[PDB]
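Colleague: Need coordinates for the below:
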Amino acid sequence: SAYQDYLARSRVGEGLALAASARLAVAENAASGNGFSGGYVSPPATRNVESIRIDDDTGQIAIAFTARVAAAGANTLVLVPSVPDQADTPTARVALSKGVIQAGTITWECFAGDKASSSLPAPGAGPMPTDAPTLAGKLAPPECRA
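Modeller: Numbering: from 1, shown residues only. You can find the structure just below:
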């Protein structure tokens, strides 16, 4: 129902905001050439957010929501970071490179479970999720959707 979607979307948006902590951790580790989950302490679990985790190799962030939001196994959103292949007049986007000093601006793309390709502006597509998200796009903000 439209009303049920409203409840879920509000809570999913809160989860995405709470994941700012992880986006900052990934950026700090990228700036120092460290594994991207290094030093990251996720905030307390809430009634709506079960966990926020960082992939140490790619910097992808997985947000798992509680059953208040979506069923188990259909409850995860993924945020994918990328950088331009070169800062000046890029021709493509590339996944983060573990161990490399990368202090430039990171672009994050949100993927819900039904989003089958990257949809970023110039310089083009970002990487796909490593672990696939499972949250239905209808429950997520529009830029996470197919």
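Colleague: Going by C-alpha atoms from here, please, whenever you check contacts or count neighbours.
Modeller: OK.
Colleague: quick one, helices of this structure?
Modeller: In the chain, the helices defined using DSSP state H lie at 2-18, 20-32.
Colleague: What is the distance between the last one and the centre of its chain?
Modeller: Spelled out, it's helix 20-32. Centroid displacement of helix 20-32 relative to its chain, using CA atoms, centre = their mean, to the nearest Å, is 12 Å.
Colleague: same question, the first one
Modeller: Between the mean C-alpha point of helix 2-18 and the mean C-alpha point of its chain there is a distance of 15 Å (CA atoms, centre = their mean).
Colleague: begin at 57 from here
Modeller: Got it, the first residue is 57 from now on, which makes the last one we talked about helix 58-74.
Colleague: what sits up against that helix?
Modeller: 99, 104, 105, 119, 121, 124, 125, 126, 194, 195, 196, 197 (CA atoms under 8 Å, 6 or more residues apart in numbering).
Colleague: what sits against the spatially closest residue to the fifth one that is not a sequence neighbour?
Modeller: Closest residue to residue 121 in three dimensions, ignoring its sequence neighbours and counting by CA to CA, 6 or more residues apart in numbering: residue 105, at 4.4 Å. Going by CA under 8 Å, 6+ apart, residue 105 touches 71, 119, 120, 121, 122.
Colleague: If we use 7 Å, what do you get?
Modeller: By CA atoms under 7 Å, 6 or more residues apart in numbering, the contact set of residue 105 is 71, 120, 121, 122.
Colleague: could you dump these to JSON lines with distance to residue 156 and neighbour count?
Modeller: As requested, the contacts of residue 105 are exported to JSON lines (distance: CA to CA, whole Å; neighbours: other CA atoms under 10 Å):
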{"residue": "71", "distance to residue 156": "29", "neighbour count": "21"}
{"residue": "120", "distance to residue 156": "28", "neighbour count": "26"}
{"residue": "121", "distance to residue 156": "32", "neighbour count": "28"}
{"residue": "122", "distance to residue 156": "35", "neighbour count": "18"}
